[PDB]
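Structure below is my_file-v2.cif: mmCIF, C-alpha atoms and all ligand atoms.
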```
data_target
#
loop_
_atom_site.label_atom_id
_atom_site.label_comp_id
_atom_site.auth_asym_id
_atom_site.auth_seq_id
_atom_site.Cartn_x
_atom_site.Cartn_y
_atom_site.Cartn_z
CA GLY A 76 89.84 107.78 88.71
CA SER A 77 87.49 110.70 88.95
CA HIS A 78 89.39 112.58 91.65
CA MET A 79 90.49 116.18 92.03
CA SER A 80 93.37 118.19 93.39
CA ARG A 81 93.58 117.20 97.07
CA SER A 82 96.44 117.48 99.55
CA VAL A 83 96.59 114.99 102.44
CA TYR A 84 99.10 113.60 104.92
CA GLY A 85 101.06 110.31 104.75
CA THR A 86 98.90 108.71 107.42
CA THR A 87 95.91 109.67 105.31
CA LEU A 88 97.47 107.92 102.25
CA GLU A 89 97.96 104.76 104.31
CA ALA A 90 94.18 104.63 104.75
CA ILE A 91 92.75 106.23 101.59
CA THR A 92 95.30 105.09 99.09
CA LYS A 93 95.50 101.92 101.28
CA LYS A 94 99.17 101.45 100.69
CA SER A 95 102.10 102.65 102.55
CA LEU A 96 104.25 105.60 101.51
CA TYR A 97 107.22 103.39 100.71
CA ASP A 98 105.31 101.28 98.15
CA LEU A 99 103.06 103.92 96.72
CA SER A 100 104.54 105.47 93.64
CA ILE A 101 104.11 109.19 94.06
CA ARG A 102 105.81 111.45 91.54
CA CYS A 103 107.50 114.72 92.03
CA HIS A 104 105.16 117.28 90.53
CA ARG A 105 108.23 119.18 89.24
CA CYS A 106 110.08 116.26 87.68
CA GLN A 107 107.31 113.67 86.92
CA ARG A 108 109.60 111.06 88.31
CA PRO A 109 108.85 108.93 91.44
CA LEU A 110 110.14 109.89 94.86
CA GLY A 111 112.88 107.92 96.50
CA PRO A 112 112.49 106.65 100.14
CA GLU A 113 113.87 109.77 101.90
CA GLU A 114 111.96 111.99 99.48
CA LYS A 115 108.67 110.42 100.49
CA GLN A 116 109.86 110.65 104.06
CA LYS A 117 110.72 114.36 103.80
CA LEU A 118 107.12 115.20 103.22
CA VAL A 119 105.98 113.25 106.25
CA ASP A 120 109.08 114.31 108.13
CA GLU A 121 108.67 118.02 107.58
CA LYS A 122 104.85 117.76 107.65
CA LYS A 123 103.88 118.48 104.09
CA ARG A 124 100.96 117.15 102.09
CA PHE A 125 100.83 114.88 99.12
CA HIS A 126 98.79 116.10 96.23
CA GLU A 127 96.31 113.92 94.38
CA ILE A 128 95.00 114.66 90.94
CA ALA A 129 92.64 112.07 89.35
CA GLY A 130 93.88 109.48 91.85
CA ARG A 131 97.44 110.05 90.94
CA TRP A 132 99.63 111.17 93.73
CA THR A 133 102.39 113.66 93.47
CA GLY A 134 104.72 115.40 95.82
CA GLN A 135 108.16 116.83 95.71
CA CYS A 136 111.39 114.98 95.51
CA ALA A 137 114.25 115.99 97.68
CA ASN A 138 116.51 115.71 94.60
CA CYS A 139 115.32 119.18 93.71
CA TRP A 140 113.96 120.23 97.11
CA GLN A 141 116.94 119.35 99.35
CA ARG A 142 119.14 121.47 97.14
CA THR A 143 116.43 124.17 97.15
CA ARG A 144 117.46 124.80 100.74
CA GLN A 145 120.06 127.51 100.64
CA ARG A 146 121.42 126.52 104.00
CA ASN A 147 122.85 123.36 102.76
CA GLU A 148 126.49 123.58 101.97
CA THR A 149 127.92 123.33 98.50
CA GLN A 150 128.73 119.65 98.56
CA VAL A 151 125.49 118.13 97.71
ZN ZN A 201 111.87 116.84 91.85
#
```

So, in terms of structure tokens, how does the structure I just supplied come out?
Amino acid sequence: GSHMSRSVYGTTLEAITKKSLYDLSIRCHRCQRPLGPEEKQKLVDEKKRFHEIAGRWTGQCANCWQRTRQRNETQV
């Protein structure tokens, strides 16, 4: 609803958003597509924050991000 750009942790989502990471449809802010399981996990895994705008959550999907790591071999 009337919310603003806020970045919080997964454990904070569990309480505020009141649904677990796995269920909660968070989009990649670069793709506008939802995050898969590991992609949601990567943010909590690598200790990133999820970004809310107007009560809509967004993050970054590993689809782009995993491959954004240069020290990942040319296979995937
Ligand atoms: Zn993406």

(request) Would you kindly return, as a list in words, each protein, DNA or RNA residue with an atom no farther than 10 Å from any atom of residue A:79, considering only C-alpha atoms and excluding same-chain residues fewer than 4 positions away? (result)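 Once the nearby chain positions are removed, what remains is residues 126, 127, 128, 129, 130 and 131 of chain A.
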
(request) Please write out the residues within 12 Å of ligand ZN 201 (chain A) as a list in words, counting all atoms listed in the file. (result) residues 101, 102, 103, 104, 105, 106, 107, 108, 109, 110, 111, 114, 115, 133, 134, 135, 136, 137, 138, 139, 140, 141, 142 and 143 of chain A

(message) Between A:132, A:98, A:76, A:85, which residue has the minimum interatomic distance to residue A:116, considering only C-alpha atoms?
(response)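 Closest to residue A:116, using only C-alpha atoms: A:85.
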
(message) List the spatial neighbours of stretch 86-88 of chain A as a ChimeraX atom specification - criterion: any atom at most 10 Å away, only C-alpha atoms, same-chain residues fewer than 4 positions off excluded.
(response) /A:82,92-96,99,119,124-125,127,132

(request) Give me, please, the distance in Å between atom CA of residue A:148 and atom CA of residue A:117, quoted to one decimal. (result)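 Pair atom CA of residue A:148 / atom CA of residue A:117 returns 18.4 Å.
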
(request) Could you please determine the separation between atom CA of residue A:97 and atom CA of residue A:144 in Å, to one decimal place? (result)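 Atom CA of residue A:144 lies 23.7 Å from atom CA of residue A:97.
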
(message) So the first atom is atom CA of residue A:100 and the second is atom CA of residue A:147; what is the distance between them in Å, to one decimal place?
(response)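 Atom CA of residue A:100 sits 27.2 Å away from atom CA of residue A:147.
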
Please return the centre and edge lengths, in Å to one decimal, of a box with edges along x, y and z that contains all listed atoms of stretch 91-105 of chain A, widened by 6 Å on every side, as lines of an AutoDock Vina configuration file.
```
center_x = 100.5
center_y = 110.2
center_z = 95.9
size_x = 27.5
size_y = 29.9
size_z = 25.3
```

Provide stretch 128-142 of chain A rebuilt to N, CA, C and O atoms, formatted as a PDB file, in the coordinates of the input.
```pdb
ATOM      1  N   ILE A 128      95.759 114.181  92.061  1.00  0.00           N
ATOM      2  CA  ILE A 128      95.000 114.660  90.940  1.00  0.00           C
ATOM      3  C   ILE A 128      94.546 113.423  90.188  1.00  0.00           C
ATOM      4  O   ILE A 128      95.386 112.622  89.788  1.00  0.00           O
ATOM      5  N   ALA A 129      93.235 113.216  90.084  1.00  0.00           N
ATOM      6  CA  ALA A 129      92.640 112.070  89.350  1.00  0.00           C
ATOM      7  C   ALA A 129      93.060 110.695  89.938  1.00  0.00           C
ATOM      8  O   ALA A 129      92.928 109.639  89.286  1.00  0.00           O
ATOM      9  N   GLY A 130      93.451 110.696  91.193  1.00  0.00           N
ATOM     10  CA  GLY A 130      93.880 109.480  91.850  1.00  0.00           C
ATOM     11  C   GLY A 130      95.338 109.182  91.615  1.00  0.00           C
ATOM     12  O   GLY A 130      95.809 108.067  91.849  1.00  0.00           O
ATOM     13  N   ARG A 131      96.047 110.156  91.116  1.00  0.00           N
ATOM     14  CA  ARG A 131      97.440 110.050  90.940  1.00  0.00           C
ATOM     15  C   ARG A 131      98.072 110.955  91.963  1.00  0.00           C
ATOM     16  O   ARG A 131      97.717 112.123  92.063  1.00  0.00           O
ATOM     17  N   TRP A 132      98.981 110.420  92.711  1.00  0.00           N
ATOM     18  CA  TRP A 132      99.630 111.170  93.730  1.00  0.00           C
ATOM     19  C   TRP A 132     100.936 111.732  93.258  1.00  0.00           C
ATOM     20  O   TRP A 132     101.652 111.109  92.434  1.00  0.00           O
ATOM     21  N   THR A 133     101.252 112.864  93.804  1.00  0.00           N
ATOM     22  CA  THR A 133     102.390 113.660  93.470  1.00  0.00           C
ATOM     23  C   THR A 133     102.858 114.412  94.711  1.00  0.00           C
ATOM     24  O   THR A 133     102.069 114.663  95.629  1.00  0.00           O
ATOM     25  N   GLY A 134     104.110 114.698  94.747  1.00  0.00           N
ATOM     26  CA  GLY A 134     104.720 115.400  95.820  1.00  0.00           C
ATOM     27  C   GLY A 134     105.949 116.082  95.306  1.00  0.00           C
ATOM     28  O   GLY A 134     105.982 116.493  94.142  1.00  0.00           O
ATOM     29  N   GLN A 135     106.950 116.187  96.109  1.00  0.00           N
ATOM     30  CA  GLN A 135     108.160 116.830  95.710  1.00  0.00           C
ATOM     31  C   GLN A 135     109.353 116.028  96.130  1.00  0.00           C
ATOM     32  O   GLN A 135     109.461 115.633  97.282  1.00  0.00           O
ATOM     33  N   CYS A 136     110.222 115.734  95.184  1.00  0.00           N
ATOM     34  CA  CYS A 136     111.390 114.980  95.510  1.00  0.00           C
ATOM     35  C   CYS A 136     112.480 115.867  96.035  1.00  0.00           C
ATOM     36  O   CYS A 136     112.698 116.996  95.543  1.00  0.00           O
ATOM     37  N   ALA A 137     113.156 115.345  96.996  1.00  0.00           N
ATOM     38  CA  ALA A 137     114.250 115.990  97.680  1.00  0.00           C
ATOM     39  C   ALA A 137     115.415 116.229  96.729  1.00  0.00           C
ATOM     40  O   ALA A 137     116.213 117.091  96.982  1.00  0.00           O
ATOM     41  N   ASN A 138     115.496 115.472  95.640  1.00  0.00           N
ATOM     42  CA  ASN A 138     116.510 115.710  94.600  1.00  0.00           C
ATOM     43  C   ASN A 138     116.539 117.186  94.201  1.00  0.00           C
ATOM     44  O   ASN A 138     117.596 117.799  94.144  1.00  0.00           O
ATOM     45  N   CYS A 139     115.376 117.764  93.960  1.00  0.00           N
ATOM     46  CA  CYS A 139     115.320 119.180  93.710  1.00  0.00           C
ATOM     47  C   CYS A 139     115.232 119.972  95.024  1.00  0.00           C
ATOM     48  O   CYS A 139     116.009 120.895  95.273  1.00  0.00           O
ATOM     49  N   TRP A 140     114.342 119.519  95.890  1.00  0.00           N
ATOM     50  CA  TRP A 140     113.960 120.230  97.110  1.00  0.00           C
ATOM     51  C   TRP A 140     115.080 120.360  98.163  1.00  0.00           C
ATOM     52  O   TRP A 140     115.220 121.418  98.787  1.00  0.00           O
ATOM     53  N   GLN A 141     115.891 119.335  98.336  1.00  0.00           N
ATOM     54  CA  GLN A 141     116.940 119.350  99.350  1.00  0.00           C
ATOM     55  C   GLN A 141     117.927 120.448  98.991  1.00  0.00           C
ATOM     56  O   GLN A 141     118.341 121.246  99.828  1.00  0.00           O
ATOM     57  N   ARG A 142     118.205 120.524  97.701  1.00  0.00           N
ATOM     58  CA  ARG A 142     119.140 121.470  97.140  1.00  0.00           C
ATOM     59  C   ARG A 142     118.491 122.867  97.017  1.00  0.00           C
ATOM     60  O   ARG A 142     119.183 123.874  96.831  1.00  0.00           O
TER      61      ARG A 142
END
```
